[PDB]
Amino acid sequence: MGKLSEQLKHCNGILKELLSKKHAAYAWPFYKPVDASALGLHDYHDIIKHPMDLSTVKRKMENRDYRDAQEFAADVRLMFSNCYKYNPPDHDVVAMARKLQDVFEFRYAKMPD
């Protein structure tokens, strides 16, 4: 009912959309933590100090970790920023990040007041 609750509902809706089949073609690299060892990315954790992914965001939302929309958005944007920091800008995963961030930013902007 309250403002914080209402804004977190909007955030949860966005999260559900980002994890939905509608966006799966470009969202899937963000579903789980980057497994650096599995992907042969042995410099990943030297470059990315604070990894983030949608499963972690989901766990935090479920645990009521996020106190407001701003805190939620910071994690989603951290996830994208990590991608832009680590990967050359012409790489496929970056194109996918850009597309998912477009989904995120446009819906996040429709936050209720």
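The first residue of the shown sequence is 1; numbering continues from there. Rigid core (definition): largest C-alpha set, two forms, superposition within 1.5 Å.
In terms of root mean square C-alpha deviation after superposing on the rigid core in 7 other deposited structures of this protein, the stretch standing farther out between 36-44 and 72-80 is 36-44.
The mean C-alpha temperature factor is higher for 63-71 when 63-71 and 26-34 are set side by side.
On average the C-alpha atoms of 87-95 have higher B-factors than those of the other stretch, with 10-18 and 87-95 being the two compared.
Ranked by Cα temperature factor within the chain, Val57 sits in the lowest third according to the deposited record. Ranked against the other modelled residues of its chain, the C-alpha B-factor of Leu78 as given in the entry falls in the lowest third.
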